[PDB]
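Okay, so here's just one chain, in C-alpha cells, the form deposited in one PDB entry.
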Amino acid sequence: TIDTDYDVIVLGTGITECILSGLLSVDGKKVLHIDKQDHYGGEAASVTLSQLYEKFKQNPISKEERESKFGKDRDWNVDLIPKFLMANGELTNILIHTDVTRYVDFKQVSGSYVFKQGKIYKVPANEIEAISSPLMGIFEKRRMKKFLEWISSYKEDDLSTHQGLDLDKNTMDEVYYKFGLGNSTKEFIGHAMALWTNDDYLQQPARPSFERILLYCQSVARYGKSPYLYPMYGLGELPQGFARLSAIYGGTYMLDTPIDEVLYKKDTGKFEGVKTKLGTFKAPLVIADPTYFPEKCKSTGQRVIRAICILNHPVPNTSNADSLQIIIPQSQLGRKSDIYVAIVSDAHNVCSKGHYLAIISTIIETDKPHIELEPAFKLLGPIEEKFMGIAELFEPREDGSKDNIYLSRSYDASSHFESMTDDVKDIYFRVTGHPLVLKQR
C-alpha cells in the first residue's frame, strides 16, 4: 500500500502542471500527480477522433461510418488547443535542459502565411523568397532589411548600437517611423513576426515588441526555414514527456482518479490534502489548474472560439505544405483581435493518411462566433467536418500565499507556448520562493 505524505500534490496533467511536477521532482521534492480524467494533457490534450465526436457533436456517428470516412482512432491525435513551439522559445530551452527531447520528436513547420485583401501570402523564409515576395516594393524591403539589422545589432549595454532609440521611452510606432516603414510593413512586422493579436502595441513601448521580434528572428535562425516546431503524435506528447521526467525522479502518477473532496486545515483555510477512491493524501501545498478550484478563479473577460476542421487535401495556395500557420490580422477584417489557423497533417501522425487538420481560433467579440470565423473557413476549401467549441479563460484570484493553493492559468489564444512558460516561471517562484534557474541534467 501507499505513502500518504508528499512534499507537493499536483492536480491535473496539463502541460503547465506536468512541467512543474517534473522540475519539482528534479529538485528533490516528492510529487503526487493526480488527474480526474483517464488520460494525460488536460485542456491541451490531444484526443482521438471518436472522442472528438463525443466532445463536440450532438449526434455522434456510428463507429462503422466514422471508420470508412476517416479510419481507425489510433491514427488520430487531435489537439484541443492549437499551439506551436518557438524554435528558440523558452519551452524548447526547458525541453533541452531537462532532456525531455528524448520522449518527443519534432518536425519544422513548413511556413507562415499572412492574410491580405482576401489572399494569403507566404512570409519570406530566405533571400530568394524575400526578393520574389509581392508584400513590399523594392525600397521598402531595403528599409525593412535595415530595421532587421538593427534588431540583431542592438545591444542593450552599448548606446552606440541603439541608432538613437530608447526601447523604454519610444513607442513601436516611433521606431517604425525612424526606419521609414509604411503601414502595411508595420502590420506585417507586428502581426506576423512579433505576433500581436491587435495593433495596441503601436502606442505601447518598444521593449516587448523588440524582444518578440528578436525571438522570431532567432527562432528562424536556429534550424532554418521557419520559427516553429511541432511534436510528432500531437501536443499531448509534451505533458507526457514531463510526466516521465517527474516519474524518473520520484513522482507518483494516478489517472482516472477523481478528487472526491479537497481537505483544508481547521480554521486556517490553507491546504491539507485530497481524498480519492485510492485513499487520502496530504501535502503542505497544491498545484492545480482552474477546473479543480473554480471558486478561487475569476474570468479574464476573454472567450475563445476553437474550430477543428478535417480536410481531404492540402490548404489552397500553400504549395501543398505539410504544416502551416495562417495569420489574419484584425485590420483586414474590422475586428479587435487577429484570427489564427494552425495546420498539421498525416506527416505528424495526428490523423489518418491523406487528411489535414486545420484549427482556427480567435477571441470572440460578437454573439455569433461561427460567423466570425467565416473568412478563415473560405481559405481552407472543402471541409469534411467541423468541431466547434468555446472556452472561457480563467486565472487565479490570489497568488496562493494565503491558502497554499497555487493555480495555473487557462491556456490563452496565442499561437505559441511563450506565455505558458511565463506562467510556469511564475508559479514556480510562488511555490518554491525562488526564481526558476535552469540546470542541465
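Counting begins at 1, following the sequence as shown. Rigid core here is just the name for the largest C-alpha set that superposes within 1.5 Å across the two forms.
Omitted from view is the form deposited in another entry, to which the following refers.
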2 Å-or-more CA mover between this form and the one not shown, where superposition uses the core and the choices are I359, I305, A347, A130: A130
Flag for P205, CA shift 2 Å or larger between this form and the one not shown after aligning core: yes
Rigid-core frame, C-alpha of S153, shift of 2 angstroms or more between this form and the one not shown: yes
Core-aligned C-alpha movement of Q163 between this form and the one not shown, 2 Å or more: yes
